[PDB]
Visitor: 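Have a look at this one before I ask anything.
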Amino acid sequence: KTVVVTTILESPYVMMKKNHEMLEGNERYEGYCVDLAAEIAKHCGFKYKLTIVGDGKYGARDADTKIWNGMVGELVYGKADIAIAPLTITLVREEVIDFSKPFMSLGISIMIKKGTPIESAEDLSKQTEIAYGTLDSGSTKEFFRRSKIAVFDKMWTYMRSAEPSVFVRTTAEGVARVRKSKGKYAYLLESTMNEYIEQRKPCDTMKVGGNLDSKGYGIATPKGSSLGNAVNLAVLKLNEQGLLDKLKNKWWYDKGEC
Amino acid sequence: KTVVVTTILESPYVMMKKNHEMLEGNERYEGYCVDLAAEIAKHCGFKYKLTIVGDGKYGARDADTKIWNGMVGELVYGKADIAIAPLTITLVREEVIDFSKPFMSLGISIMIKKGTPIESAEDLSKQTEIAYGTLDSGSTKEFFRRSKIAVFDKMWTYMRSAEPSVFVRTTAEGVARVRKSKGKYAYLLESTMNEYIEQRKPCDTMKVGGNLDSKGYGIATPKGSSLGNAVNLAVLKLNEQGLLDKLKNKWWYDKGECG
Ligand SMILES: O=C(O)C[C@@]12O[C@H]3C=CCN[C@H]3[C@@H]1C(=O)N[C@H]2C(=O)O
Ligand SMILES: [Cl-]
Ligand SMILES: [Cl-]
Ligand SMILES: [Cl-]
Ligand SMILES: [Cl-]
């Protein structure tokens with residue numbers, strides 16, 4: 001009867017509080033998705049325990065074994081009752097679990113080190129002097145790889161052919177690369193992460209240009225889960241009570257340095 | 001067995017081609033939702049008729065009679081199999097129909113006549129010289145009535161007590177009112193519509209400020225519909241192929257009359 005919530009350690013969505021070793025259970029964690037979890041539970045009348053996804057992954061099906069990892073795997077294989085994380089709503093996932101309507105929208109955007117003479121994807125496309133790239137594996141890369149749009153296609157062919165490599169293994173590396181490259185590298189990533197980092201010391205980065213695309217984060221439950229309907233309704237209510245906006249403002253701006 | 005699609009005549013989602021009495025059936029109509037409808041049927045493998053909703057409303061429940069009007073009413077009362085329209089996904093509607101994930105996202109924004117000295121809701125709230133309003137009902141009005149935000153609250157109180165009325169009955173009314181009030185009126189409306197009108201002649205309007213909130217339009221089916229799963233999957237596939245983006249670009253920008 002205690003609901004098992006699975007999530008993932010990703011700031012500012014879910015973080016381990018500074019004195020977590022002095023804290024018990026759910027109080028070890030803070031962040032946007034921790035509050036969201038609490039808000040969901042209140043409007044759904046259930047008790048819950050926060051767990052961190054065992055393998056540190058989101059949810060991907062291995063082409064060969066067909067096994068799901070991450071949070072999606074924890075739902076499908078019955079370790080968790082529900083996922084409350086920055087888990088993107090995608091077709092392959094929707095086919096094996098239920099999604100709430102998205103609690104947050106986002107898109108591909110450009111992170112620059114402040115000073116950089118770039119204001120848009122187009123700016124990036126027309127030049128090579130400032131290197132730019134994405135995570136070496138994931139949707140942003142595939143977006144570029146698959147786009148039929150001129151600008152985005154010129155960016156991809158550029159990125160694929162660039163030497164040395166413009167791809168990074170981790171988000172943290174991308175951001176470092178920006179910060180360390182003295183304004184000669186730009187990074188493509190979730191507008192949400194871009195916005196968050198903009199509010200981080202040493203305050204030396206900046207989101208520019210519009211979003212290139214659009215996707216959504218949703219709460220995830222097993223197909224036919226008794227929780228999903230209430231959970232989805234709770235998402236919509238929260239949005240209409242200004243609460244999701246308030247949460248975002250909280251973790252991004254009110255608690256922002258810079 | 002042909003799927004009955006309810007939808008609504010709202011530009012540029014669905015539009016009766018001016019020569020429509022020479023045309024017939026689905027081909028009488030064009031626009032973003034007509035294309036969207038076709039993509040969905042193709043991916044869901046079905047055949048459909050487009051039918052404009054008898055009352056021209058989106059979907060709201062009468063406070064008294066408890067009766068659902070509009071496209072929601074058509075789905076809830078079993079008069080249509082699916083609604084493919086700029087139908088905002090909302091709690092009360094979600095409780096009575098099935099929605100797909102959003103095929104398009106939007107938020108409340110500010111339409112001004114070019115040259116109007118207003119850049120934000122904050123700006124609007126801090127003055128009265130320029131009047132500003134919303135549709136006399138719906139998602140946008142409700143947002144202001146309910147807001148706990150100081151700026152939005154002040155705007156609601158102003159709007160509610162403003163004379164003459166700052167509320168308009170229809171989008172066209174609100175657009176015309178902005179267009180003719182010599183920059184003495186700004187309309188608060190869906191960013192999607194704001195963005196479309198921006199690309200229409202006389203090209204005398206402008207969207208300004210950030211969105212005030214976030215919402216999505218979804219495709220609705222009657223609760224429990226066998227169609228709901230497949231359709232929702234299609235929205236995601238279309239979105240991942242970049243197809244939804246291609247369409248919005250098509251009807252908003254490719255076809256823009258303002259350069
Ligand atoms: O990057 C991906 O392909 C997926 C995502 O992986 C994250 C990790 C690094 C950069 N991107 C984000 C993306 C996000 O916002 N949610 C994840 C997810 O939805 O699994
Ligand atoms: Cl965003
Ligand atoms: Cl990462
Ligand atoms: Cl928008
Ligand atoms: Cl109302």
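So you know, we letter chains A, B, ... as the sequences are listed, proteins then strands, and number each from 1. Quick note: numbers below take in every heavy atom, side chains included, and nothing from hydrogens, waters or symmetry partners.
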Visitor: Step through it carefully: locate the ring centre of A/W252, locate the ring centre of A/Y13, and say whether they are under 6.0 Å apart.
Guide: yes
Visitor: At a heavy-atom separation under 4.5 Å, does A/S105 approach chain B through its side chain, its backbone, both, or neither?
Guide: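 Looking at A/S105, just its side chain touches chain B.
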Visitor: Please name the residue in the list A/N211, A/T140, A/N194, A/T134 that meets the side-chain contact (heavy atoms from CB on, under 4.5 Å) test with A/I108.
Guide: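 For A/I108, the side-chain contact (heavy atoms from CB on, under 4.5 Å) test succeeds with only one of A/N211, A/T140, A/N194, A/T134, which is A/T140.
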Visitor: At a heavy-atom separation under 4.5 Å, does A/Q241 approach chain B through its side chain, its backbone, both, or neither?
Guide: both
Visitor: Between A/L233, A/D213, A/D245, A/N229, which has the largest tally of heavy atom pairs under 4.5 Å with chain B?
Guide: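 The option with the most such pairs is A/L233.
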Visitor: For the pair A/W156 and A/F167, name the ring-plane relationship: parallel under 30°, tilted 30 to 60°, perpendicular over 60°.
Guide: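 The rings of A/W156 and A/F167 sit tilted, inter-plane angle from 30° to 60°.
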Visitor: Tell me, side chain or backbone of B/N232 under 4.5 Å from chain A's heavy atoms, or both, or neither?
Guide: side chain
Visitor: Determine the option with the most heavy-atom pairs under 4.5 angstrom with chain B, choosing from A/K237, A/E240, A/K246.
Guide: A/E240
Visitor: Mind checking the CG-CG spacing from B/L244 to B/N249? Nearest 0.5 Å is all I need.
Guide: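 So the CG of B/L244 and the CG of B/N249 are separated by 12.5 Å.
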Visitor: Give, as side chain, backbone, both or neither, the part of B/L212 having an atom under 4.5 angstrom from any heavy atom of chain A.
Guide: backbone
Visitor: Can you tell me how far apart CE (A/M159) and OG (A/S125) are? Round to the nearest 0.5 Å.
Guide: 11.0 Å
Visitor: Show which side-chain atoms of residues 96-104 of chain A pair as donor or acceptor with protein atoms under 3.5 Å away, not counting sequence neighbours.
Guide:
residue: A/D98; atom: OD2; partner: A/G224; partner atom: N; Å: 2.9
residue: A/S100; atom: OG; partner: A/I219; partner atom: N; Å: 3.0
residue: A/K101; atom: NZ; partner: B/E94; partner atom: OE2; Å: 3.0
residue: A/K101; atom: NZ; partner: B/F99; partner atom: O; Å: 3.2

Visitor: Side chain from CB out, backbone as N, CA, C, O: work out which of these in B/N239 comes under 4.5 Å of a heavy atom of chain A, or both, or neither.
Guide: side chain
